[PDB]
Amino acid sequence: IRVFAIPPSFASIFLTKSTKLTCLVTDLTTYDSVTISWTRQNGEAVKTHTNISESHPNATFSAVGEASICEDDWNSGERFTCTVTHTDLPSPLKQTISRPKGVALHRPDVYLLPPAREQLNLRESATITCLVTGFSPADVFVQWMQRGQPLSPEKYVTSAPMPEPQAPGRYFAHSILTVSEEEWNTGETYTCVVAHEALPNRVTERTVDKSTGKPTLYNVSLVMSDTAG
Amino acid sequence: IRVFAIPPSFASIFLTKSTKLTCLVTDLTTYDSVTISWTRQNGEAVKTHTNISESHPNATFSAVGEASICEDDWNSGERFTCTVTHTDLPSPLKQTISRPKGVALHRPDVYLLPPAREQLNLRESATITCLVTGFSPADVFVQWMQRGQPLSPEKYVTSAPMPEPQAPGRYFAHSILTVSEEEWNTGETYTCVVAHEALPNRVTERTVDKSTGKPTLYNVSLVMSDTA
Amino acid sequence: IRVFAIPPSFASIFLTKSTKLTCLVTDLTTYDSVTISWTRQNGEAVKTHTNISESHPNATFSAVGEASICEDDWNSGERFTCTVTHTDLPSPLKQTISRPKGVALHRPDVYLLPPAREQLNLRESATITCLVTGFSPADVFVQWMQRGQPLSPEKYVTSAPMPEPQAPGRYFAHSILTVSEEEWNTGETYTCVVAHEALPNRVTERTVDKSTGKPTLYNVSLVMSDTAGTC
Amino acid sequence: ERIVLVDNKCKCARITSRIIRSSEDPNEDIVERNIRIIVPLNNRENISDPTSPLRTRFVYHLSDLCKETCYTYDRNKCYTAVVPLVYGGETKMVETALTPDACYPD
Amino acid sequence: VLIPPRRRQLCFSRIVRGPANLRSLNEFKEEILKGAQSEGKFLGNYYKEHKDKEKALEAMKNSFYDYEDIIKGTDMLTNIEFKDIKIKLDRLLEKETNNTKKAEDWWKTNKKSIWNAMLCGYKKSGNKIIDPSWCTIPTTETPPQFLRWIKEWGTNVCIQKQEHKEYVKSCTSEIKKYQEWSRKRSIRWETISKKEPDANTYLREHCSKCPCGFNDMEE
Ligand SMILES: *[C@@H]1O[C@H](CO)[C@@H](O[C@@H]2O[C@H](CO)[C@@H](O)[C@H](O)[C@H]2NC(C)=O)[C@H](O)[C@H]1NC(C)=O
Ligand SMILES: *[C@@H]1O[C@H](CO)[C@@H](O)[C@H](O)[C@H]1NC(C)=O
Ligand SMILES: *[C@@H]1O[C@H](CO)[C@@H](O)[C@H](O)[C@H]1NC(C)=O
Ligand SMILES: *[C@@H]1O[C@H](CO)[C@@H](O)[C@H](O)[C@H]1NC(C)=O
């Protein structure tokens, strides 16, 4: 009966390069061919929704309705409303969702910290934590790339955004790429791709190698005793 | 009497942030019953059109009707054509704009070479150079950002994408940026944003700093004697 | 059917010690009706087309003009016009080429950059770029060498001059050579030459190897003997 | 007060045997020989030949320069070598300018 | 707008001009703006004997007002001087102090306009005594000389035109090679066209050394 409206998150729009508007339903009796649809400000017809979930064993059906839209309409503030039409439903239900507005844009600061020297001595793994701090709103898509190729999401785990103590609006995040020390002693890129609305081009990178840092190591080795007077 | 379609290149799409489609009429004067409509294979030419250009003494006007469409939909090759019906030429003219699928997609390997130490020693000005290599489509767009803020296109000059003889299917392009030595020694970090179609994220960055290329190991050994 | 008059490249001015003008027409049918005369600013025409080379794989007509003129005469600013009377052209056309007036002379500072550390880490190829900065006039000529052996023209590719953003009068040019990282790791020296008017003897060269292009390590064995050395 | 004993420009050295008066009382005045050397750190082995190896060793026996394996280009002198050039298959020799700044025709 | 050599004659310290922010305004921007005692190389190195003593100090007056407008809205369009963060370095630190005073409210080269007035740098190398009448321009005066649009213009004729004038009064093609400043007068005339009618009257009556200069070259 009750319906859930899912606005596309920054990860969804960015990861798939397309805007997915899914409308799932919960607490709905199972029945074949459940019809769901979105509606825009002009009420134009949506793309025929597909990939509808099957009838769950718990006698609750989830009718997911996805429509592909151009990013310009959603980023212009135009609002969408999901409508549910079914015999089981007592009457249609309308839920309107739009891009939240009024939040001040702030550029993330992507600082990338190399693994602690202590962790290397354990010889088991190395954590290359990418620190995305000082960004608003609380919607960032942190991704890791090695040698220009994206790394599997299994290796890196990204903490959800959380408020930053110093300022109210600001937030921060993390992303830790566990890699064996052998993969890190040999110089490897390990770029931290950070995608966020406030950035000039919606992306930022920070490369880390064993070479990055490494202050100049002077080795003055002077023999002076050759002088005898 | 022909209409020349202008497919906004990847550089224009990235700079303007939106796909603004324009087809320009050449060597033709304005006539009644002028028609413009972006027609795809499906035929849903329902786009809005605004700011129609007026007749040009050289018979070259745009009659431009701008529209907003997804990047990916255009990448699918919708082949938009602005149908024009003119009194002198009863047959409508078609001008397709689309991405040829034959062209490969090789990601640029953008490299940022700091200024030669021979420039810094002379101590007048340092010319940072960004080297973009290995991209098959000739639609690179390079921006320079200093301290996280874009720099005006005046400060740097991006060489047009030229063929790479050593790689038949890849082109290369460079974009030098010159700053005062007192500014480069300050420690400012210049980031060479390179925007390209083939990139997995459509954008790549390389950072050059005062200390990007430094001798990691100084090995001096003074040997002072008293006799020969 | 396109004919373009090529201004005299300084490479021909200096290395061949002569001035040659080539107003060549291509993509046209072979009728052998070309009458090319390089008329000067004055009424007299210095020279006509010589050594016509029609032979080409495409079998299309190709007539090349020539004009042996004094270098000082070129520097005086006299203009020369090439006229083509081939029936393919609807009407004869004259292509006037003149030496630019008031061009400043500025030295072409040549800076040779090594391949980026990250590029060498790719272990596939290494690109060495020879940068020519702050030169006027825009014309410039660049070649490459390795231990005294000039490389093939295809291996090194150069860029056309473009304006220098800070100095509108000056220009800059960009030449890049690629080699296997093993060749670079071997330490083989690569030398870039720039032939341009502003230089004292019109040619300057700079070289780079693995040990001098932003090297990681400075291996010094500084030794001093007989410190007193009274005299 | 400096007496510049040597100013050899190849093996850059500026030995100055300047006398320094000691405090307010003379008769213990100290004499000092300031051997100021500027090692180039980047010049090639055969400095006139750019294709030669890099100087990883710099001998500064002060006896010899008081009274040659040149290291640093002198300001006045021009160091140069012939170079091969190819334009259309012709290999023409021509003089180079390894120090263009000080080699203007004068 | 024709930027004079204010690009270089401004010798800000590395900290303000660089990306690094400043810790405390009371101690670092404090000590760094004075840290530009290096704004005393006019008579120290260049104007030591090139020109009369007064002009060297006049050039400092130009830098001071330039310095003042860097702190608040100059017209350089550069990430280190205008549209820059150094102006934000000020706003950031004062805002950190509970918005105690806007950079354009106080500390606008008004509350502490005096600084050293660069005279220490003048005295550091030139070692020339400043006349009492000469000592009030390197420090604050009520006139701001109008947002640099007509002061940097003020400086153009003070040297860049009058010295070519006296060269002409001192080959004729080289003398006639001083008319390219006449075309460059047109675009800046358009700029000022955006009080007095045009720029000429400003030189005639606002300025002192300007009337010596010829109003128009015109070959
Ligand atoms: C290597 O060093 C030697 C001296 O130790 C030099 O060789 C000659 O230098 C003179 C100086 O003008 C030239 O005229 C000769 O042509 C050089 N020798 C040869 C065989 O060409 C020079 O400094 C270095 N050699 C070269 C070839 O550059
Ligand atoms: C440091 O210098 C010592 C003595 O000069 C030498 O034995 C050692 O190998 C050097 N270490 C380096 C260059 O890493
Ligand atoms: C460092 O210098 C010492 C003595 O100068 C030498 O024995 C050693 O091989 C050098 N090490 C490297 C890595 O160059
Ligand atoms: C470094 O210098 C030392 C002393 O001259 C020498 O023995 C050694 O072979 C050098 N090593 C390299 C790699 O240049």
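Start at 1 and count along the chain as shown; that gives each residue its number.
A Cβ is built for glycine as well, from the same backbone N, Cα and C atoms used for every other residue.
Residues or ranges marked as domain 'Ig-like 3' by Swiss-Prot: B:8-98.
Swiss-Prot lists B:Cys23-B:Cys82 (among others) with the feature disulfide bond, giving experimental evidence as the kind of evidence. Annotation for B:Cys82 (disulfide bond): spatial neighbours B:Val3, B:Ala5, B:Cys23, B:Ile36, B:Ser37, B:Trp38, B:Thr39, B:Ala63, B:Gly65, B:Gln95, criterion Cβ-Cβ under 8 Å with sequence separation of six or more.
What Swiss-Prot lists as N-linked glycosylation site is B:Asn51 (among others), and the listing cites experimental evidence. Its own atom aside, the Cβ of B:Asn51 (N-linked glycosylation site) has 8 Cβ atoms within 10 angstroms in the protein chains shown.
Around the Cβ of B:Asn58 (N-linked glycosylation site), the number of neighbouring Cβ atoms within 10 Å comes to 9. Residues or ranges marked as N-linked glycosylation site in Swiss-Prot: B:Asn58 (among others).
Here Swiss-Prot flags B:108-209 as domain 'Ig-like 4', drawing on sequence analysis.
Long-range neighbours of B:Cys192 (disulfide bond) (same chain, six or more residues apart, CB within less than 8 Å of its CB): B:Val110, B:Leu112, B:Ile128, B:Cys130, B:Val142, B:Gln143, B:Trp144, B:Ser175, B:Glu205, B:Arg206, B:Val208. The disulfide bond annotation in Swiss-Prot covers B:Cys130-B:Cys192 (among others).
Each residue contributes its Cα atom, and for B:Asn58 (N-linked glycosylation site) and B:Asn51 (N-linked glycosylation site) these two points are 20 Å apart.
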